[PDB]
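Chains as they are written, first to last, in our numbering: chain A, 1 to 111; chain B, 1 to 388; chain C, 1 to 123.
Inspection log for the structure reproduced underneath, given as structure tokens.
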Ligand SMILES: *[C@@H]1O[C@H](CO)[C@@H](O[C@@H]2O[C@H](CO)[C@@H](O[C@@H]3O[C@H](CO)[C@@H](O)[C@H](O[C@H]4O[C@H](CO)[C@@H](O)[C@H](O)[C@@H]4O[C@H]4O[C@H](CO)[C@@H](O)[C@H](O)[C@@H]4O)[C@@H]3O)[C@H](O)[C@H]2NC(C)=O)[C@H](O)[C@H]1NC(C)=O
Ligand SMILES: *[C@@H]1O[C@H](CO)[C@@H](O)[C@H](O)[C@H]1NC(C)=O
Ligand SMILES: *[C@@H]1O[C@H](CO)[C@@H](O)[C@H](O)[C@H]1NC(C)=O
Ligand SMILES: *[C@@H]1O[C@H](CO)[C@@H](O)[C@H](O)[C@H]1NC(C)=O
């Protein structure tokens, strides 16, 4: 199984956007941490948020994360260029065995 | 000393070599040996110990009569070094009709369940003193692994079941640091009934191949991470199921996520461990009864569902001899963790009506990377020469 | 710093055995406190977790693919490998080798990644 995300989220420079990850019972809704990965197409994914908000290092303060119930949201405040990439929410799934489910992949297109 | 970490790779296993045998019933015919059931083996960093739930009496005793009952107030956990028979000098470390013992590299921890069936008390005895205790959370027969628990870096995980033996029971994994219950994780995953787990260290986790007493003839697997206290559970993928009663090898099945619903109404305590993608599993030779015992490797039996390609089969106990609970325990080698198992050889009631007592003797096999021969190692006691 | 470099054939015939190797530089894989992970990203979908392993050899695999892969370790050569059996048209993707933060399961995030190798299954 996978988590679900909006297929695409657009936003002009300056304003903010939100990416809504929706989990399940053996997922975000089970209290497991939600991690957000940024992947410019054609390159390797880059970890953006862990602990549902713990921007590791060298990550701009624009990105913010919040988890609630069976849903999690990634908030980009500023929508600056170079934030045009695919954002995936990752979470731990324990329905069958040790498993890690990623989001469908939200494409942030800064117009 | 130092806490056991179990941070070594699993040992190379080409089969199992004989390691120990107590001849308890044979010695009982002319000595004062405890009546025992449900034994298990656990090792110090130095030596290995036998454990058993003695019935409060010896074999050449009037109280050995009607010793088939699983839970009596007189049941105690016996303990002596492996090979020493359970004589009158054996130390009863706690009152228990269900038990589990692990050595964390510093001290012994015994989880002992006693009391009433519906209001059982589980006492956690660490370093020779009682540290914690819990009551029955389901008000049914509260039980535990009946085998060795596993301590990783000082945190010992015990799998405690409470509820119906033929229905939905509440299984909780208890994490114990120096006898104190520091976490209690409910069982999660696709295993629907978990009972009498054979746990072995798979660092940083603990893997427990349990017994499904409700629907499955395939043994459930419980993976326990001792760091984040997370539990996942599935079933053994091999189509050669290791729980008796079961269907025959052609008709048995397993698909790693659900009980196969094939003669799963009962079960026996057993073991299995993964040699990479293969599974080393021991099971009784007889499909219906606990007669005989064999161990073999199923190729891709831990990953590929319904895998029946077995190899390296060993006959531990021949088909015409009684067996019982089996289980696993791990020995920390020089650079690699060796997997060893034991077989309980039950003799007496109710299968053998010549005598009035139910007792057992254990036989222990350790995994080896070298060559081995064949042979059968039954109890060997003639029931007609035994006291009634 | 940990540096991961995937290396494997770029074209594997269907029903053959895909084999990739991730060479690790700047860190030792022989310390058992991290999970050496494999991922894959099919062009039409998102990232997929493939499997786990540490230096000791205690591996966890994706339940979907569990019947096929085999993630090995080599503490001497300081690299870990992936071996997928009976590949098909669904096995063509960009395969990433990554390292987990710690040895937990529920609290795992993968900071260090490889560069990603395009493995194509076709004739
Ligand atoms: C499962 O096990 C748990 C743990 O052991 C049980 O929980 C304990 O249950 C006992 C029994 O109820 C309880 O002890 C009672 O506590 C009461 C106050 O909390 C006391 O009032 C009571 O004393 C009276 O009853 C005793 C008989 O039980 C008499 O021997 C005693 O002399 C007292 O009797 C006098 O007082 C009463 C009331 O005033 C009066 O009617 C009499 O005529 C007489 O004058 C007990 O001490 C424990 O407190 C419980 N402990 C916990 C931790 O909960 C549980 O009950 C068990 N359940 C099952 C199903 O087995
Ligand atoms: C043994 O126990 C049973 C029932 O507990 C009793 O009927 C019998 O008299 C006892 N003694 C013998 C010798 O069977
Ligand atoms: C073992 O536990 C101690 C705390 O009790 C901790 O400091 C140490 O890092 C742990 N060791 C490992 C290998 O996790
Ligand atoms: C075992 O499987 C079924 C059990 O119902 C039976 O029909 C079959 O004949 C038995 N033996 C073999 C070899 O399959």
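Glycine included, each C-beta is placed from N, C-alpha and C at the ideal position.
Contact set between residue i and chain C, taken where Cβ atoms lie within less than 9 Å
{"i": "residue 2/A", "result": "45, 46 and 48"}
{"i": "residue 227/B", "result": "102, 103, 104, 105 and 107"}
Contact set between residue i and chain C, taken where Cβ atoms lie within less than 7 Å
{"i": "residue 38/A", "result": "Per Cβ cutoff of 7 Å: no residues; residue 38/A is ~12 Å from chain C at best."}
{"i": "residue 10/B", "result": "57"}
{"i": "residue 50/A", "result": "109"}
{"i": "residue 104/A", "result": "46"}
Option in the options with minimal Cα separation from residue i
{"i": "residue 79/B", "options": "152/B, 112/B and 321/B", "result": "112/B"}
{"i": "residue 129/C", "options": "27/C, 25/C, 74/C and 16/C", "result": "Because residue 129/C is not part of the residues shown, which for chain C are 1 to 123, the question remains open."}
{"i": "residue 115/B", "options": "301/B, 75/B, 127/B and 20/B", "result": "75/B"}
{"i": "residue 363/B", "options": "302/B, 375/B, 354/B and 369/B", "result": "375/B"}
{"i": "residue 332/B", "options": "282/B, 104/B, 271/B and 168/B", "result": "104/B"}
{"i": "residue 188/B", "options": "15/A, 22/A, 63/A and 27/A", "result": "27/A"}
{"i": "residue 86/A", "options": "44/C, 1/C and 3/C", "result": "44/C"}
{"i": "residue 163/B", "options": "284/B, 262/B, 250/B and 117/B", "result": "117/B"}
{"i": "residue 84/A", "options": "47/A, 107/A and 48/A", "result": "107/A"}
{"i": "residue 178/B", "options": "161/B, 212/B and 131/B", "result": "131/B"}
{"i": "residue 49/C", "options": "10/C, 25/C, 67/C and 38/C", "result": "38/C"}
{"i": "residue 94/B", "options": "71/B, 286/B and 123/B", "result": "123/B"}
{"i": "residue 97/A", "options": "220/B, 288/B and 90/B", "result": "220/B"}
{"i": "residue 130/C", "options": "99/C, 32/C and 118/C", "result": "Residue 130/C lies beyond the residue range present for chain C, which begins at 1 and ends at 123; the question has no answer from this structure."}
{"i": "residue 87/C", "options": "7/C, 119/C and 47/C", "result": "119/C"}
{"i": "residue 7/A", "options": "88/A, 101/A and 92/A", "result": "88/A"}
Bridge partner(s) assigned by DSSP for residue i
{"i": "residue 49/C", "result": "39/C"}
{"i": "residue 3/C", "result": "25/C"}
{"i": "residue 224/B", "result": "206/B and 231/B"}
{"i": "residue 87/B", "result": "33/B"}
{"i": "residue 17/C", "result": "85/C"}
{"i": "residue 143/B", "result": "161/B"}
{"i": "residue 74/C", "result": "79/C"}
{"i": "residue 338/B", "result": "331/B"}
{"i": "residue 49/B", "result": "42/B and 81/B"}
{"i": "residue 76/A", "result": "17/A and 63/A"}
{"i": "residue 348/B", "result": "358/B"}
{"i": "residue 304/B", "result": "Paired residue(s): none; residue 304/B is not in a bridge."}
{"i": "residue 43/A", "result": "None, per the DSSP bridge assignment."}
{"i": "residue 312/B", "result": "Answer is none; residue 312/B lacks a bridge partner."}
{"i": "residue 123/B", "result": "112/B and 133/B"}
Residues that residue i contacts on chain A, provided the C-beta gap is smaller than 8 Å
{"i": "residue 189/B", "result": "94, 95, 96 and 97"}
{"i": "residue 223/B", "result": "97 and 98"}
{"i": "residue 257/B", "result": "96"}
Beta-carbon neighbours of residue i, restricted to chain B and to distances below 8 Å
{"i": "residue 62/C", "result": "The premise fails here: residue 62/C is roughly 11 Å from chain B at the closest Cβ pair, so nothing lies under 8 Å."}
Neighbouring residues, chain A, relative to residue i (Cβ below 7 Å)
{"i": "residue 303/B", "result": "Under the 7 Å cutoff, chain A gives no residues; its nearest Cβ is about 11 Å from residue 303/B."}
Supposed contact pair residue j and residue i - C-beta distance, whole angstroms, cut 8 Å
{"i": "residue 107/C", "j": "residue 228/B", "result": "5 Å"}
{"i": "residue 194/B", "j": "residue 171/B", "result": "4 Å"}
{"i": "residue 65/B", "j": "residue 357/B", "result": "7 Å"}
{"i": "residue 271/B", "j": "residue 320/B", "result": "Residue 271/B to residue 320/B, Cβ: 23 Å. No contact."}
{"i": "residue 259/B", "j": "residue 216/B", "result": "3 Å"}
{"i": "residue 434/B", "j": "residue 329/B", "result": "Nothing about residue 434/B can be reported from this structure: the residues present for chain B run from 1 to 388 only."}
{"i": "residue 118/A", "j": "residue 232/B", "result": "Any property of residue 118/A remains undetermined from this structure, which presents chain A solely from 1 to 111."}
{"i": "residue 355/B", "j": "residue 388/B", "result": "6 Å"}
{"i": "residue 8/B", "j": "residue 71/C", "result": "Not really, about 19 Å apart at Cβ, beyond 8 Å."}
{"i": "residue 361/B", "j": "residue 24/B", "result": "4 Å"}
{"i": "residue 237/B", "j": "residue 254/B", "result": "6 Å"}
Interface partners of residue i on chain C, CB under 8 Å
{"i": "residue 127/A", "result": "The structure shown does not extend to residue 127/A, since chain A is modelled only from 1 to 111, so the question has no answer here."}
{"i": "residue 230/B", "result": "104, 105 and 106"}
{"i": "residue 15/A", "result": "Going along chain C, no residue has its Cβ under 8 Å from residue 15/A, so there is no contact; the nearest lies around 26 Å."}
{"i": "residue 202/B", "result": "58"}
{"i": "residue 277/B", "result": "70"}
Contacts of residue i in chain B (Cβ-Cβ under 7 Å)
{"i": "residue 66/C", "result": "303"}
{"i": "residue 24/C", "result": "Those within 7 Å of residue 24/C in chain B number zero; the least Cβ separation is about 18 Å."}
{"i": "residue 32/C", "result": "7 and 203"}
Chain A residues whose Cβ lies nearer than 9 Å to that of residue i
{"i": "residue 234/B", "result": "96 and 97"}
{"i": "residue 110/C", "result": "35, 37, 45, 47, 90 and 100"}
#### Entry: Three CB pairs or more closer than 8 Å across the region 183-201 of chain B and the region 320-338 of chain B
yes
### Message
Assess contact between the region 7-25 of chain B and the region 68-85 of chain A, defined as three or more Cβ pairs (one per stretch) separated by less than 8 Å. Is contact present?
### Response
In this structure the region 7-25 of chain B does not touch the region 68-85 of chain A; the number of beta carbon pairs closer than 8 Å is below three.
### Message
If contact is defined by three or more beta carbon pairs under 8 Å, each pair taking one atom from either stretch, is the region 5-22 of chain A in contact with the region 91-100 of chain C?
### Response
no
### Message
Is it the case that the region 263-270 of chain B contacts the region 297-314 of chain B, given that we only count it when at least three CB pairs across the two stretches are under 8 Å?
### Response
no
### Message
Would you call the region 20-28 of chain C in contact with the region 60-80 of chain C, where contact means no fewer than 3 C-beta pairs closer than 8 Å?
### Response
yes
### Query
Counting Cβ pairs closer than 8 Å, one from the region 32-48 of chain B and one from the region 77-91 of chain B, do we hit at least three?
yes
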